[PDB]
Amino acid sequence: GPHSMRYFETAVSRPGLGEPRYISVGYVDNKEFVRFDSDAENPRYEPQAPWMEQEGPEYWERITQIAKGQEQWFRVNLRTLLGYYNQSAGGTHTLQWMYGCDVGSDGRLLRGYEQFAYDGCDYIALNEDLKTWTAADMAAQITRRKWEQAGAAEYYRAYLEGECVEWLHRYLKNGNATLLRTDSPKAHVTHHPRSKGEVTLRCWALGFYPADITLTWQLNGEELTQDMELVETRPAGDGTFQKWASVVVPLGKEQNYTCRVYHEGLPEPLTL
(Lines of atoms letter the chains of each structure in order from A and count residues from 1; the text may use other names and numbers.)
(Lines give C-alpha, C1' and ligand atoms only; values in the text may rest on other atoms or scores of the structure.)
Protein backbone atom coordinates (compact mmCIF):
# COMPACT_ATOMS: atom_id res chain seq x y z
CA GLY A 1 0.00 0.00 0.00
CA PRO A 2 1.27 3.50 1.02
CA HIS A 3 4.95 4.38 0.86
CA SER A 4 7.71 6.73 1.91
CA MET A 5 10.84 8.03 0.21
CA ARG A 6 13.22 9.69 2.68
CA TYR A 7 16.84 10.94 2.58
CA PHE A 8 19.19 11.02 5.65
CA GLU A 9 22.35 13.07 4.94
CA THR A 10 24.93 13.74 7.67
CA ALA A 11 28.12 15.82 8.27
CA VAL A 12 31.00 15.04 10.66
CA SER A 13 33.52 17.76 11.67
CA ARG A 14 37.20 17.20 10.97
CA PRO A 15 38.61 20.72 11.56
CA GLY A 16 42.26 19.83 11.95
CA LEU A 17 42.09 17.00 9.41
CA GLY A 18 40.81 19.10 6.53
CA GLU A 19 37.15 18.54 5.60
CA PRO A 20 33.83 17.30 6.97
CA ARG A 21 32.66 13.96 5.59
CA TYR A 22 29.15 14.81 4.36
CA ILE A 23 27.45 11.47 3.55
CA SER A 24 23.97 11.18 2.02
CA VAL A 25 21.71 8.10 1.72
CA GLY A 26 18.28 7.42 0.24
CA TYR A 27 15.35 5.15 1.22
CA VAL A 28 12.04 3.94 -0.35
CA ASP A 29 10.11 2.07 2.34
CA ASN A 30 12.98 1.20 4.66
CA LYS A 31 14.99 0.12 1.51
CA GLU A 32 18.29 1.95 0.77
CA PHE A 33 18.84 2.85 -2.88
CA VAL A 34 21.54 5.60 -3.15
CA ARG A 35 24.43 6.77 -1.04
CA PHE A 36 26.97 9.47 -1.44
CA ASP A 37 30.18 9.66 0.54
CA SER A 38 32.38 12.72 0.56
CA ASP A 39 35.50 10.84 1.54
CA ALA A 40 35.75 8.53 -1.46
CA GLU A 41 38.55 8.84 -4.08
CA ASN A 42 35.75 9.82 -6.48
CA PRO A 43 32.58 11.30 -5.02
CA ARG A 44 29.76 9.46 -6.82
CA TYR A 45 26.13 8.62 -6.09
CA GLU A 46 26.36 4.79 -6.50
CA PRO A 47 23.25 2.58 -6.84
CA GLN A 48 22.46 0.29 -3.95
CA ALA A 49 19.25 -1.14 -5.19
CA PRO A 50 19.63 -3.08 -8.51
CA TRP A 51 16.71 -1.28 -10.12
CA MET A 52 18.68 2.01 -10.11
CA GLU A 53 21.20 0.87 -12.73
CA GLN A 54 18.60 1.20 -15.46
CA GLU A 55 18.61 5.04 -15.19
CA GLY A 56 21.56 6.36 -17.09
CA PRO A 57 24.43 8.92 -16.68
CA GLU A 58 22.00 11.74 -17.59
CA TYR A 59 20.53 11.14 -14.09
CA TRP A 60 23.75 10.10 -12.38
CA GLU A 61 25.36 13.47 -13.14
CA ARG A 62 22.37 15.70 -12.41
CA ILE A 63 22.67 14.18 -8.92
CA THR A 64 26.43 14.42 -8.00
CA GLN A 65 26.07 18.23 -8.45
CA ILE A 66 23.24 18.57 -5.96
CA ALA A 67 25.60 16.50 -3.85
CA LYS A 68 28.70 18.66 -3.83
CA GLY A 69 26.50 21.71 -3.49
CA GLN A 70 24.81 20.62 -0.28
CA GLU A 71 28.35 19.60 0.74
CA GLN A 72 29.07 23.30 0.71
CA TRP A 73 25.85 24.04 2.58
CA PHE A 74 26.71 21.48 5.34
CA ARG A 75 30.14 23.09 5.50
CA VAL A 76 29.34 26.83 5.43
CA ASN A 77 26.51 26.12 7.76
CA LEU A 78 28.17 23.82 10.35
CA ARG A 79 30.67 26.66 11.01
CA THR A 80 28.17 29.45 11.72
CA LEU A 81 26.82 27.17 14.40
CA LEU A 82 30.00 27.02 16.64
CA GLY A 83 29.52 30.78 16.60
CA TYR A 84 25.92 30.37 17.78
CA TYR A 85 26.88 27.72 20.38
CA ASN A 86 30.02 29.71 21.35
CA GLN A 87 32.02 26.50 21.11
CA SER A 88 35.72 26.75 20.28
CA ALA A 89 36.63 25.43 16.75
CA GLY A 90 37.71 21.90 17.62
CA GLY A 91 34.91 19.81 19.02
CA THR A 92 33.61 17.39 16.38
CA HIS A 93 30.04 18.01 15.34
CA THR A 94 27.12 16.53 13.43
CA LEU A 95 24.61 18.43 11.44
CA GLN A 96 21.90 16.10 10.21
CA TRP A 97 19.04 16.37 7.79
CA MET A 98 16.11 14.16 6.77
CA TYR A 99 13.28 14.68 4.26
CA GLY A 100 10.76 12.99 1.98
CA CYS A 101 7.09 12.37 1.28
CA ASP A 102 4.63 9.65 2.35
CA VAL A 103 2.10 8.59 -0.27
CA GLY A 104 -1.17 6.76 0.28
CA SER A 105 -1.97 3.68 -1.86
CA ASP A 106 -4.62 5.97 -3.30
CA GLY A 107 -1.92 8.13 -4.91
CA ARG A 108 -2.08 11.53 -3.18
CA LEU A 109 0.52 12.69 -0.59
CA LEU A 110 -0.27 12.09 3.11
CA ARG A 111 2.49 13.86 5.01
CA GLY A 112 5.96 15.35 4.47
CA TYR A 113 8.66 16.60 6.82
CA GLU A 114 12.15 18.13 7.03
CA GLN A 115 14.39 18.11 10.10
CA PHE A 116 17.81 19.40 11.12
CA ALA A 117 19.76 18.45 14.19
CA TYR A 118 23.14 19.59 15.49
CA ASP A 119 24.80 16.99 17.72
CA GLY A 120 21.69 14.97 18.31
CA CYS A 121 19.32 17.20 20.22
CA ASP A 122 16.84 18.73 17.79
CA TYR A 123 17.60 22.23 16.27
CA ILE A 124 14.51 22.93 14.08
CA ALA A 125 11.82 21.13 12.03
CA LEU A 126 8.95 22.03 9.74
CA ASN A 127 5.53 21.41 11.18
CA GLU A 128 2.79 19.33 9.56
CA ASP A 129 0.99 22.27 7.81
CA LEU A 130 4.29 22.67 5.94
CA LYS A 131 4.17 26.32 6.87
CA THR A 132 5.22 26.53 10.52
CA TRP A 133 8.67 26.16 12.14
CA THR A 134 9.39 24.21 15.32
CA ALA A 135 12.74 25.74 16.42
CA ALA A 136 14.28 23.97 19.42
CA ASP A 137 16.31 26.40 21.55
CA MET A 138 17.04 30.16 21.52
CA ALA A 139 19.96 29.62 19.12
CA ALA A 140 17.60 27.71 16.87
CA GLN A 141 14.65 30.07 16.98
CA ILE A 142 17.10 32.61 15.54
CA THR A 143 16.85 30.55 12.37
CA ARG A 144 13.09 29.92 12.52
CA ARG A 145 12.61 33.66 12.18
CA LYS A 146 15.18 34.20 9.43
CA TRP A 147 13.70 31.40 7.41
CA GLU A 148 10.18 32.91 7.55
CA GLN A 149 11.64 35.99 5.79
CA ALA A 150 12.63 34.14 2.63
CA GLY A 151 9.75 31.75 3.03
CA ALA A 152 11.37 28.45 3.83
CA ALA A 153 7.90 26.98 4.21
CA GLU A 154 6.85 27.79 0.66
CA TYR A 155 10.12 26.67 -0.94
CA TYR A 156 10.49 23.25 0.72
CA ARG A 157 6.78 22.53 0.76
CA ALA A 158 7.03 23.03 -3.01
CA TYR A 159 9.55 20.20 -3.48
CA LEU A 160 7.53 17.97 -1.12
CA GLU A 161 4.06 18.07 -2.73
CA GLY A 162 5.06 17.62 -6.35
CA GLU A 163 8.60 16.43 -7.06
CA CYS A 164 9.31 14.19 -4.06
CA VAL A 165 6.02 12.33 -4.89
CA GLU A 166 6.80 12.54 -8.56
CA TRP A 167 10.17 10.81 -8.45
CA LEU A 168 8.84 8.42 -5.81
CA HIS A 169 6.21 7.28 -8.30
CA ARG A 170 9.09 6.69 -10.65
CA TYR A 171 11.22 4.59 -8.29
CA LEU A 172 8.45 2.18 -7.36
CA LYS A 173 7.67 1.58 -11.04
CA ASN A 174 11.26 0.92 -11.88
CA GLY A 175 11.75 -1.49 -8.97
CA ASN A 176 8.24 -2.98 -8.54
CA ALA A 177 9.17 -6.66 -8.82
CA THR A 178 11.82 -6.31 -6.16
CA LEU A 179 10.43 -3.72 -3.67
CA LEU A 180 7.11 -5.40 -2.91
CA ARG A 181 8.46 -8.82 -1.99
CA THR A 182 7.01 -9.83 1.38
CA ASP A 183 9.08 -12.70 2.72
CA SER A 184 7.12 -14.66 5.37
CA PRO A 185 8.69 -15.81 8.67
CA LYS A 186 9.73 -19.34 9.57
CA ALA A 187 8.47 -21.05 12.73
CA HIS A 188 10.88 -22.25 15.40
CA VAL A 189 10.68 -22.82 19.18
CA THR A 190 13.39 -23.75 21.68
CA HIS A 191 13.79 -24.81 25.29
CA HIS A 192 16.95 -24.30 27.43
CA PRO A 193 18.61 -26.07 30.40
CA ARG A 194 18.35 -23.17 32.86
CA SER A 195 19.69 -24.02 36.36
CA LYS A 196 16.47 -23.32 38.21
CA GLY A 197 15.02 -26.59 37.14
CA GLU A 198 13.32 -24.40 34.60
CA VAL A 199 13.06 -24.21 30.84
CA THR A 200 13.18 -21.31 28.40
CA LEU A 201 10.95 -21.36 25.30
CA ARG A 202 12.54 -19.23 22.58
CA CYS A 203 10.12 -18.27 19.77
CA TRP A 204 12.39 -17.85 16.76
CA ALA A 205 11.36 -16.06 13.58
CA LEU A 206 13.87 -15.79 10.72
CA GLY A 207 14.21 -14.47 7.16
CA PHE A 208 11.32 -12.01 7.07
CA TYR A 209 10.61 -8.76 5.28
CA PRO A 210 9.35 -6.17 5.97
CA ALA A 211 10.41 -5.90 9.59
CA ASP A 212 7.25 -4.51 11.28
CA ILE A 213 6.42 -7.75 13.17
CA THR A 214 4.21 -8.61 16.14
CA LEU A 215 5.36 -11.51 18.37
CA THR A 216 4.13 -12.74 21.79
CA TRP A 217 3.78 -15.72 24.11
CA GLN A 218 0.31 -16.99 24.97
CA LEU A 219 -1.69 -19.02 27.51
CA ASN A 220 -5.37 -19.66 26.48
CA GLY A 221 -6.27 -16.74 24.15
CA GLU A 222 -5.02 -14.22 26.74
CA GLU A 223 -1.42 -13.21 25.98
CA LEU A 224 1.49 -13.50 28.47
CA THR A 225 2.67 -10.04 27.33
CA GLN A 226 4.53 -9.32 30.56
CA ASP A 227 7.20 -12.06 31.08
CA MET A 228 8.30 -12.32 27.39
CA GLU A 229 11.55 -10.34 27.13
CA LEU A 230 12.23 -10.23 23.36
CA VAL A 231 14.81 -8.60 21.04
CA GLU A 232 15.08 -5.45 18.95
CA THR A 233 14.26 -6.35 15.31
CA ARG A 234 17.75 -6.79 13.84
CA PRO A 235 19.15 -7.15 10.20
CA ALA A 236 20.04 -10.81 9.54
CA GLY A 237 22.33 -10.08 6.65
CA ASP A 238 21.26 -10.80 3.08
CA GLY A 239 18.21 -8.55 3.34
CA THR A 240 15.69 -10.52 5.38
CA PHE A 241 15.81 -9.76 9.10
CA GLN A 242 14.95 -11.68 12.27
CA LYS A 243 13.40 -11.47 15.78
CA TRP A 244 13.11 -13.72 18.92
CA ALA A 245 10.98 -14.10 22.10
CA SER A 246 11.68 -15.39 25.62
CA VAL A 247 9.60 -16.92 28.45
CA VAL A 248 11.14 -18.80 31.41
CA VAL A 249 9.07 -21.86 32.15
CA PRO A 250 9.69 -24.77 34.60
CA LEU A 251 9.45 -28.37 33.26
CA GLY A 252 6.26 -30.37 32.82
CA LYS A 253 3.84 -27.47 32.76
CA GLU A 254 5.74 -26.09 29.73
CA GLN A 255 3.61 -27.86 27.06
CA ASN A 256 0.80 -25.39 27.87
CA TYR A 257 2.65 -22.18 26.97
CA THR A 258 2.73 -21.04 23.35
CA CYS A 259 4.02 -18.46 20.94
CA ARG A 260 2.32 -16.36 18.30
CA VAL A 261 3.73 -14.55 15.31
CA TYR A 262 1.77 -11.88 13.41
CA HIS A 263 3.11 -10.53 10.15
CA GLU A 264 2.08 -8.98 6.86
CA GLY A 265 2.81 -11.98 4.60
CA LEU A 266 0.88 -14.88 6.19
CA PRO A 267 -2.57 -16.24 5.04
CA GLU A 268 -3.46 -17.21 8.60
CA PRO A 269 -1.54 -15.88 11.67
CA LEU A 270 0.83 -18.36 13.23
CA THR A 271 0.35 -20.13 16.56
CA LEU A 272 3.21 -22.35 17.75
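One rule holds for the numbers: they count along the sequence shown, beginning at 1.
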{"query": "Selected stretch [higher average CA B-factor]: 161-169 or 103-111", "finding": "103-111"}
{"query": "Stretch exceeding the other in mean C-alpha B-factor - 73-81, 131-139", "finding": "131-139"}
{"query": "Peak C-alpha temperature factor (PDB record), options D37, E53, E61, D29", "finding": "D29"}
{"query": "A187 - which third its CA temperature factor falls in, relative to the rest of the chain", "finding": "highest"}
{"query": "Chain thirds of CA B-factor: placement of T258", "finding": "middle"}
{"query": "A153 CA temperature factor, ranked by third within the chain", "finding": "highest"}
{"query": "Chain-relative CA temperature factor third for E264", "finding": "middle"}
{"query": "CA B-factor placement of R194, once the chain's modelled residues are sorted into thirds", "finding": "highest"}
